[PDB]
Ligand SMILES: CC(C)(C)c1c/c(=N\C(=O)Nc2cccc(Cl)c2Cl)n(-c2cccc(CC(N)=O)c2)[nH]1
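Taking the form solved without the named molecule, here's one chain by itself in structure tokens.
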């Protein structure tokens, strides 16, 4: 079943891919791998071919490579970017060094759309509804994105949306939950709900909600709207030093959101209050938010599916580089493409 490969050097870097992928265009580099846009003659789709060149330089790298492949092979949902293909030109484990991941390159990112257009409240309802539909699926497998922001949401002309680029580490901080920013405690799935509130708030006002400079600055901005922590939340902060820093602040009441978002759909503002709650344990879940009156036109409890269970037991495994590499190789080989 090995397809025919063709090789070419694009921008001082070698790509060896199946002939099904045509007209490769370097669309970016990084520190985690180069990316090219291409035409996938098999599906007729425009796709992103991501080459990981350095996959196994450390235990951290090898493990993160395996984690990214595991996550991506598990994602089967309309509002979540899935794996269209994964391949290596290697004919055996011994010569295995490069891994390539292929995903659908749909529309443009939300940040790009907003730069060229003022969305209506209607767009906002449907877009946010799609993010939460995707998040209910993800959270049901006990997966946390961890890095949601406009640049990680693909949107097309017909308003379809898919969540992409999951945080693989185990502007950017402007969407992060207070408790994960300073690492106050072990994170809840609702750190993604906090990012959603930040995203929606910005879509409605056309202004970034918490545009802080550093952690303290951003924390202060956050706590001014949402108020400062109480005893309940303080009991949950594991770090004694963070708790001492928290108590040193001058107390701040929560603000009323209705004065901050005047003229916005009142239901939108109500959902915002439920998403942007300081205590993570009290933030609305994605399943609950889908049931919120703001999405009345779009809610269908018979079509907001959950995921199969995702085995994260590997996270606690303590293995050698070659063992993580071998597990990764096995996952490439076992990959079954989507219809």
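Numbering follows the first chain given and starts at 1. Take the two forms, superpose them, and find the largest set of C-alpha atoms that agree within 1.5 Å; that set is the rigid core.
Quick note: we don't show the form deposited with the named molecule bound, though the next part is all about it.
Ligand-site call, the named molecule overlaid in the entry with it bound, backbone or C-beta contacts under 2.4 Å, 3+ atoms: Site status blocked, 3 or more atoms under the 2.4 Å cut.
Contact between residue 68 and the named molecule in the entry with it bound at 4.5 Å, heavy atoms? Yes, residue 68 sits close enough to the named molecule in the entry with it bound that at least one of its heavy atoms falls within 4.5 Å.
Is residue 75 close to the named molecule in the entry with it bound, meaning a heavy atom pair under 4.5 Å apart or at it? Contact check for residue 75: yes, within 4.5 Å of the named molecule in the entry with it bound.
Would you check, heavy atoms only and a 4.5 Å threshold, whether residue 145 touches the named molecule in the entry with it bound? The answer is yes: residue 145 has a heavy atom within 4.5 Å of the named molecule.
So in the entry with it bound, does residue 166 come within 4.5 Å of the named molecule, heavy atom to heavy atom? Within the cut-off, so yes.
With the named molecule left out here, work out from 267-275, 45-53, 300-308, 286-294 which stretch has heavy atoms within 4.5 Å of it in the entry with it bound. Of the stretches listed, the one contacting the partner is 45-53.
Heavy atom within 4.5 Å of the named molecule in the entry with it bound - the one residue of 225, 81, 204, 209 that qualifies: Contact with the named molecule in the entry with it bound is made by 81 alone.
Considering only 186-203, what residues come within 4.5 Å of the named molecule in the entry with it bound, judged by heavy atoms? Nothing in the stretch sits within 4.5 Å of the partner.
Tell me, with the core superposed, which single residue in 306, 27, 296, 59 has its C-alpha moved by at least 2 Å between this form and the one not shown. Residue with a C-alpha shift of 2 Å or more: 27.
Return yes or no for residue 234: a CA shift of at least 2 Å between this form and the one not shown, with the rigid core superposed? Residue 234 C-alpha, core-superposed: shift of 2 Å or more.
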